[PDB]
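Heavy atoms only: backbone and side chains are in, while hydrogens, waters and symmetry mates are out. First the proteins, then the strands, lettered A, B, ... as listed; each starts at 1.
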Amino acid sequence: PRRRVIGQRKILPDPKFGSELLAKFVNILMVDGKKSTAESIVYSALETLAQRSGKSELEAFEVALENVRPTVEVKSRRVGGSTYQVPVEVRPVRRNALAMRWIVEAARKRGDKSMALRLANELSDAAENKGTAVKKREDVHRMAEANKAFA
Amino acid sequence: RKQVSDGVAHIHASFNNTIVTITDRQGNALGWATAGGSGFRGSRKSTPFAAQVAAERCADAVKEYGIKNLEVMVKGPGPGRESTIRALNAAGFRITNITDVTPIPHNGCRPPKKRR
Amino acid sequence: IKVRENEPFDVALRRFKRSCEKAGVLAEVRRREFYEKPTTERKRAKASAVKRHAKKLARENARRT
Amino acid sequence: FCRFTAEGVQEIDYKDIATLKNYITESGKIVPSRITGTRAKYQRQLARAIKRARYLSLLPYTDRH
RNA sequence: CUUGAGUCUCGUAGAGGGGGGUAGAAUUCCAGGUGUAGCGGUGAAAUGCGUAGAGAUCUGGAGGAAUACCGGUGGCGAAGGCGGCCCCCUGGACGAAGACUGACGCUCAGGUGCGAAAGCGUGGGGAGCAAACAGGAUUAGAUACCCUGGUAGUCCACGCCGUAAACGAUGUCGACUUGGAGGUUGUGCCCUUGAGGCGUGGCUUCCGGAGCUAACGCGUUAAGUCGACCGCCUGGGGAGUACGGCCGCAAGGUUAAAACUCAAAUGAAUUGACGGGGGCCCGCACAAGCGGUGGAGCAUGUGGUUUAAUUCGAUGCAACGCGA
RNA sequence: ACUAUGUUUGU
Ligand SMILES: CN[C@@H]1[C@@H](O[C@H]2O[C@H](CO)[C@@H](N)[C@H](O)[C@H]2O)O[C@H]2C[C@@H](N)[C@@H](O[C@H]3[C@H](O)[C@@H](O)[C@H](N)C[C@@H]3N)O[C@@H]2[C@@H]1O
Ligand SMILES: CN[C@@H]1[C@@H](O[C@H]2O[C@H](CO)[C@@H](N)[C@H](O)[C@H]2O)O[C@H]2C[C@@H](N)[C@@H](O[C@H]3[C@H](O)[C@@H](O)[C@H](N)C[C@@H]3N)O[C@@H]2[C@@H]1O
Ligand SMILES: [Mg+2]
Ligand SMILES: [Mg+2]
Ligand SMILES: [Mg+2]
Ligand SMILES: [Mg+2]
Ligand SMILES: [Mg+2]
Ligand SMILES: [Mg+2]
Ligand SMILES: [Mg+2]
Ligand SMILES: [Mg+2]
Ligand SMILES: [Mg+2]
Ligand SMILES: [Mg+2]
Ligand SMILES: [Mg+2]
Ligand SMILES: [Mg+2]
Ligand SMILES: [Mg+2]
Ligand SMILES: [Mg+2]
Ligand SMILES: [Mg+2]
Ligand SMILES: [Mg+2]
Ligand SMILES: [Mg+2]
Ligand SMILES: [Mg+2]
């Protein structure tokens, strides 16, 4: 905000794998405070990702995040009456936040039988760079490439 | 496609667009590129980045002449009067001298009226 | 303005960008982009002289710094 | 300070190109008296001599002839 | 008679004026070379220009206009105004020392002259800019602002006009009345030791004392203290208009009312408020997010419509699951 | 970039 600078809220890591990063992803996927329901969804989806990929849950998850993490984003800024989109380098913490949010929204959209199946499917397609979340990160990189004339 | 080893880089920088022209040291143009020609229509045409892209697009398509040393004659105001030179040096050219050739009258013709 | 460059290109670009700045070519161009009525030219010169009349002895104050 | 009043030159000669050069910039522009320290009387004589020398092509009007 | 006024001797600074000549930069155009798909323009565009070769770049040429830097609350001129350089003709100002004339002065109604820009007439010229005009935009409209062009005009000679916020909104002349900091231009003396110190003039800028002023502010360059003469004002509109006269080719200028109507119209300053003024700082104000409403059905409250009554009240935020 | 307007009259 204007003056008060925030100290980050601390997140307790996930039980099954003890990952700070994964616990955040459960939070991104949590709906209506049902963290138990969200925890099962990503725990189920992660283990089918493990079986259908070959690596561990964390390694498979990391691969999908890497293909979805953005590097540069646009922000509508102003000088006079300009309103250009300005490309800015994403800070590392926001890169993971954007990747997790993009994966979750893509997983919700791609209609399957279960959310864990939806999440597992989108997570796999992200690993091979075919997912809608990968599509959105391509659009962001494309959109920030067009407006690279501003800095 | 005769070989030229010594070229002149004319940067016509203006508030709306940047024109880069590589000539030999007798004035004959060998190749050219403009910010508005390299994409960058509208507001993106008048940015230093677009001028830098024009310098690259001009360094290439004149590479066939095999120029290695460039005089630089930058003319006019505009965002693309230093980005073009930096891009020219980044393109593998040895800049020999940089000259500002902006036409300055000595109280000659009357300029247009101020915009309101 | 006619800057022949020494070994480093970047220091030459600074030398050129400085040589132009002292020549005031950009200020020359921005002023000649449009016609200024002699009323405006005299009014601008007089206003500049008034502000150029900045008394440097006005720093005689405590201010509790 | 003013060199011309220091030596009591009393007429600035347009034919003295050597001393005329240290009153014009690299582009050939006449340097203001507020930079060279010349007095107003000699600055007017200096400008006339430089313009005369420019006409006789002993000094350049600009650096881009 | 010499103090005011003027003349002579020497010198100084100056965009002072008039008439010629000339230089460089730049724009435009013409011709050509290289070269290629854009250029140009804007908030964004489009009109426009461009493969019939644009724009860019280079060479040559033509022409007009204006003189970058110097350049300066610098200078000169009565004012309007005047700045590239050179020559010719020419005005004024100032300083030093004397000599000369001996109130020859000040002001000035009428009168006369000069008098920005625009405009007008005749003849030239015409690069750039540009009223008008055209097109493209913008917009509810856009007879504008913006863009692309573009005629008169802007330039020259001669002749008109005679007006400007022609302003310092401050008539001219003279005298007197604390200071400080500069600028410009002379001049005396002294250690000139070198651009210095101490005087003395002219013209200029800022600040400020007394005094004055409604206040702002002016303040030795007065809006202070006085004297001479002139011009002008008598509430706001009507109206600097009509009519008449004079002037003008015209545009119009100048001189200049009345009826009628109002109780104000004004100046300066103060407090606030406001600004598509500035600065600084805040707020789920944006930004970053999450979840909603606006669509459905129902509940409930409002309008309205209906009714015999649909009781009354709450209506921007701050009424509408509100009094209830 | 660029919007316009705000009926009359009181304490
Ligand atoms: C040197 N005196 C100046 C005078 O000079 C004028 O008459 C002189 C006669 O020889 C000329 N040499 C000069 O060229 C000319 O300009 O002009 C007036 C103008 C007037 N509006 C006021 O402005 C002031 C404002 O009223 C005020 O508000 C502001 N703060 C400061 C201003 N000076 O005070 C000055 C000052 O009295
Ligand atoms: C000695 N310094 C200076 C002197 O210089 C010359 O003085 C001598 C001649 O006399 C020469 N021997 C010397 O070599 C030379 O340097 O010229 C005078 C000129 C005079 N109008 C006045 O102007 C000032 C006035 O005070 C005033 O007019 C304005 N406010 C500011 C001016 N500078 O004060 C200076 C000052 O006295
Ligand atoms: Mg006698
Ligand atoms: Mg009279
Ligand atoms: Mg006359
Ligand atoms: Mg005229
Ligand atoms: Mg005429
Ligand atoms: Mg126009
Ligand atoms: Mg008048
Ligand atoms: Mg005037
Ligand atoms: Mg008056
Ligand atoms: Mg004062
Ligand atoms: Mg008064
Ligand atoms: Mg009349
Ligand atoms: Mg928000
Ligand atoms: Mg609803
Ligand atoms: Mg509805
Ligand atoms: Mg009711
Ligand atoms: Mg009611
Ligand atoms: Mg209306």
Side-chain angles (χ1 to χ4, degrees), chain A residues 1-4 28 30-32 75-78 80-83 94 97-98 101, chain B residues 8-12 14-17 19-34 36-37 41-43 45-46 58 61-62 73 75 101-113 115-116, chain C residues 23-25 28 31-32 34-35 38-39 42 45-50 52-53, chain D residues 1-8 14 23-25 27-44 46-57 60-62 64-65:
Chain A
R2 272 192 192 286
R3 50 145 74 260
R4 227 289 307 162
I28 303 321
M30 184 181 18
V31 186
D32 285 315
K75 309 174 333 312
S76 294
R77 284 273 281 211
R78 188 69 76 95
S82 60
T83 53
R94 187 174 160 84
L98 281 177
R101 184 182 325 147
Chain B
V8 184
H10 298 268
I11 297 115
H12 181 96
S14 84
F15 285 134
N16 284 324
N17 181 43
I19 304 188
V20 186
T21 286
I22 304 299
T23 74
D24 89 10
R25 319 209 334 300
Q26 294 75 252
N28 320 307
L30 312 172
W32 61 267
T34 71
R41 293 304 306 165
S43 43
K45 185 170 52 155
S46 34
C58 187
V62 82
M73 317 249 285
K75 146 176 319 167
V101 290
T102 310
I104 285 314
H106 291 346
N107 255 11
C109 303
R110 185 181 172 118
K113 63 190 191 164
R115 315 170 68 239
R116 292 172 267 115
Chain C
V25 293
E28 261 264 7
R31 179 193 38 111
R32 305 197 175 184
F34 302 109
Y35 175 78
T39 47
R42 285 186 305 263
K46 176 198 37 43
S48 84
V50 160
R52 179 183 77 189
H53 210 203
Chain D
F1 86 109
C2 179
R3 284 89 209 291
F4 297 115
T5 206
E7 304 134 318
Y14 68 97
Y23 289 103
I24 57 159
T25 81
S27 34
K29 288 174 73 173
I30 303 159
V31 186
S33 62
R34 78 175 149 85
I35 297 333
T36 51
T38 45
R39 312 273 136 121
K41 183 215 253 263
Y42 286 104
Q43 177 71 17
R44 294 193 304 275
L46 176 73
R48 283 189 288 267
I50 296 184
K51 289 167 185 175
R52 270 177 263 221
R54 284 172 174 170
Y55 170 77
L56 287 180
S57 173
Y61 282 88
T62 68
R64 256 193 280 81
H65 287 295

Students often get this wrong, so: under 4.0 angstrom with heavy atoms, is [X] touching a base, only sugar-phosphate, or nothing?
X        : value
B:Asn17  : sugar-phosphate
D:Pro60  : nothing
A:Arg101 : sugar-phosphate
B:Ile19  : base
A:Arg2   : base
D:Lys51  : base
B:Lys113 : sugar-phosphate
B:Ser43  : sugar-phosphate
D:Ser33  : sugar-phosphate
D:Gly8   : nothing
B:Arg41  : base

Expected label for E:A269 (glycosidic angle, syn inside 90° of 0, else anti) would be anti

Its glycosidic angle compared against 90° from 0, E:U28 adopts the form anti

Trace of the salt bridge (charged side-chain N to carboxylate O under 4.0 Å, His left out) decision for C:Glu28 with C:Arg32:
CA-CA 6 Å; C:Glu28 261 264 7; C:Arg32 305 197 175 184; 2.9 Å; yes

The reported gap from NZ in D:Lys51 to CG in D:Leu56 (rounded to nearest 0.5 angstrom) is 15.0 Å

Under 5.5 Å between six-ring centres and under 30° between planes, true for [N] and [M]?
N      : M      : value
E:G321 : E:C322 : no
E:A214 : E:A215 : yes
E:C190 : E:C191 : no
E:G174 : E:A175 : yes

If positive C1'-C2'-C3'-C4' means north (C3'-endo side) and negative means south (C2'-endo side), then E:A52 is south

The furanose of E:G102, with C1'-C2'-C3'-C4' positive read as north and negative as south, falls south

Round to a whole Å and report the spacing from [atom1] of [X] to [atom2] of [N].
X        : N     : atom1 : atom2 : result
C:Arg42  : E:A15 : CZ    : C1'   : 14 Å
B:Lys75  : E:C39 : NZ    : P     : 17 Å
B:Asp24  : E:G33 : CG    : P     : 16 Å
D:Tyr61  : E:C85 : OH    : P     : 10 Å
B:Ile104 : E:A68 : CD1   : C1'   : 8 Å
D:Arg44  : E:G75 : CZ    : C1'   : 7 Å
B:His106 : E:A23 : NE2   : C1'   : 11 Å
D:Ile50  : E:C86 : CD1   : P     : 13 Å

task = Respond yes when some side-chain nitrogen or oxygen of D:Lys41 is under 4.0 Å from OP1 or OP2 of E:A13, and no when none is.
result = yes

For the [atom1] atoms, the ones on [N] and on [M], what distance do you get once it is rounded to whole angstrom?
N      : M      : atom1 : result
E:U220 : E:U225 : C1'   : 12 Å
E:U266 : E:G238 : P     : 13 Å
E:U163 : E:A65  : P     : 31 Å
E:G4   : E:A175 : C1'   : 12 Å

Which of these nucleotides, [options], is closest to any side-chain atom of [X]?
X        : options              : value
B:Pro103 : E:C129, E:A26, E:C69 : E:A26
D:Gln43  : E:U42, E:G14, E:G71  : E:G71
A:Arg94  : E:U57, E:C69, E:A288 : E:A288
D:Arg39  : E:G40, E:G196, E:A25 : E:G196
C:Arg52  : E:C85, E:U73, E:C70  : E:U73

- Message: Under the criterion side chain to side chain contact (heavy atoms under 4.5 Å, CB included), I'd like the reasoning laid out for A:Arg78 against A:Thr83: C-alpha separation, chi angles, the key distance, then a yes or no.
- Response: CA-CA 5 Å; A:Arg78 188 69 76 95; A:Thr83 53; 3.2 Å; yes

Walking RNA chain E from its 5' end, the first of B:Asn16 and D:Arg64 to be reached, judged by nearest nucleotide, is D:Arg64

Quiz item: Would E:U220 and E:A309 count as paired if we go with Watson-Crick or G-U wobble and both distances under 3.5 Å?
Solution: no

| request: Give a yes or no on whether E:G55 and E:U178 pair, Watson-Crick or G-U wobble, both distances under 3.5 Å. | output: no

(message) Quiz question: by atom type and distance under 3.5 Å, do the side chains of B:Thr21 and B:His12 form a donor-acceptor pair?
(response) no

